Structure formats: C-alpha cells, structure tokens
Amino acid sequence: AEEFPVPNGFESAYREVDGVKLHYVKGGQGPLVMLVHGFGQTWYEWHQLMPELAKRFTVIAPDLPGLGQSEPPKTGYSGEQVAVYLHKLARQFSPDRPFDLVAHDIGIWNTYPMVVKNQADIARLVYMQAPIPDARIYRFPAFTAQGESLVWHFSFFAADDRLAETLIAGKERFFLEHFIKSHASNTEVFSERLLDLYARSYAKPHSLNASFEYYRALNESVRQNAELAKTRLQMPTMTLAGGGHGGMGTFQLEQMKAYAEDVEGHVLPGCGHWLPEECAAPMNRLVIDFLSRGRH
C-alpha cells in the first residue's frame, strides 16, 4: 500500500536502520541527493522536483520517523537522535562518496546535527523555511499586528497533557487545511484532493503523535545545537525562504550566516512556507542549478 503516488520510474521501498523501518522513494542514477520533508507532509512534497533531479542524481526521499510510512524512532525525537537514522540511511546508498542534502521545515532540525558531525559526507546543502533550533526561536512573537504569528504552533504542539493530539484527533483534515493555508501565499495549489492525501497520512494515530513529539523535543534540540554549533559548516550551502504570507523572509539567510562559511540565500516573492508546491518552477530551478554546480 502506498499513501501517495510514486512518480514513474521511481521505487517505493523500506530500509531497517537501527531497528526502525524507514520508508523512502528512490530513483535516478549518479551521485546521491537526499530530500527531507517537514511537518504536515511526507516525501510527496518533493514529487515534482524528484524526476528533474533524477536526470542527474540518484534521488532518495525518506519519510521522517513516525511520519508517512516510516516507523517511529526508538531513541527519541530530538534533532541529534533523528539525524542518526537519516545519516545511516543515506550512507547505505552512498557509502564511499559524499551526498547532497535538501531539507524543508523540521527536516532541517532532523538533519543539521548529522551535517555538522559528518561534514565530509555532505557535498552540498540546501535548507528552506525553518530556523535551525537555537536561541533565536525564543525571540519570535506570540502575536502580531496582523494576527496569528509564524511559530505560535511551537507552543501548541509542545504543550503537555497531549494537548494538540487530544484536540486535533478526529479533526485532522480540518486542522491541516487551516495550518497549511494559513502559512501559504499561493493557497490555490492546495486542492481538496491534495489536502485529503496529506491528512490521511498524518491522521494515523502514531503519526499524529510523532508529529508533535518533534516539537516536544525542540528545547532539547536547541541545547544540543548550542554545543554542535561551535563548529561552522564548511560545504557550499543555499537557503530558500518565501517572501510572501507564511514565509521566513530574510531570517533564513541571516541565521544561516552564523552557521555556514559558504552560503547564498534567496527570498522567493509571492511564496509562503510551502515552496515546492506554491512556487515549484522557481524553487526547482534554484535547487537543480545549485546542486548541478557539483558533479552529477
């Protein structure tokens, strides 16, 4: 059974990593690029970028532990714990060569520790639309002169008593449409058909719970990254952010400059949080061009 349609020529498969069965979709030939999705979504957010990249790269897009068709992690949900699974998975397919990494939203949280701890394994890096967990996240506002803020959901999802799961259970389709569209500029791309696909996946009880456990571990990830960030990233990096409603704007690049020696950033106008869907043509172009500076 497949929660989302696999693009022609790709395979849907599983790989046991440290006792956790991870789902992924893989296609193409050449050096490896791993694409890591974020909250509210699965590997499928990459499905329009994957065929283009696969003309030059071996592309793998896993489901984060507990989300999509991947089993929950056995260690924990902090960035350092989850990054182990993702690093080992990539190195199964690229054991003797560095690979490229693209990550969106909490895909950043779940990959930054393995990037900084294994810099020689990462050829090039693309991060989009979320802060790396650090003290800057405590400076975002709870409420803005326009209304709900970009990251008030951090508190909602991290609250104890299983607050978010208890309220959202049975209402997952309603909640996800509101969450996605409230963070979008080009809302029209989120058809009811596409929203049904994403909602059915994260409504699995273990996936709804896994979604919020990433936020329950966020302060631990901040504490982890305070130590790890004493070492700057040395490989070529690109950041992307939306310039429209729901976008991180200039924050994405400005934070990354504290982390990376070699970084270029782009703000995409008229685009919010969901870059692969809201602004597929310019985002795909930027990613393909940046990764194609390396060998393929």
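In case it trips you up, residue 1 is the first one in the sequence shown, and so on. Definition used throughout: the rigid core is the maximal C-alpha set that superposes within 1.5 Å between two forms.
Here 174-182 and 145-153 are scored by the root mean square distance of their C-alpha atoms in 5 other deposited structures of this protein, with each structure fitted by the rigid core; the higher score goes to 145-153. Of the two segments examined, 54-62 and 35-43, it is 54-62 that shows the higher average Cα temperature factor in the deposited entry.
The deposited model assigns a higher average Cα B-factor to 260-268 than to the other stretch when 65-73 and 260-268 are compared. The maximum CA B-factor among the listed residues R91, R216, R173, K204, taken from the PDB record, is found at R91. Per the deposited coordinates, the residue with the largest Cα temperature factor out of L167, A135, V82, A159 is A135. In this PDB entry, the Cα temperature factor of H153 sits in the middle third of its chain's modelled residues. Ranked against the other modelled residues of its chain, the C-alpha B-factor of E188 as given in the entry falls in the highest third.
In the PDB entry, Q234 places in the highest third of its chain by CA B-factor. When the CA B factors of the chain's modelled residues are split into thirds, the value for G107 lands in the lowest one. In the deposited entry, the Cα temperature factor of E177 sits in the bottom third of values across the chain's modelled residues.
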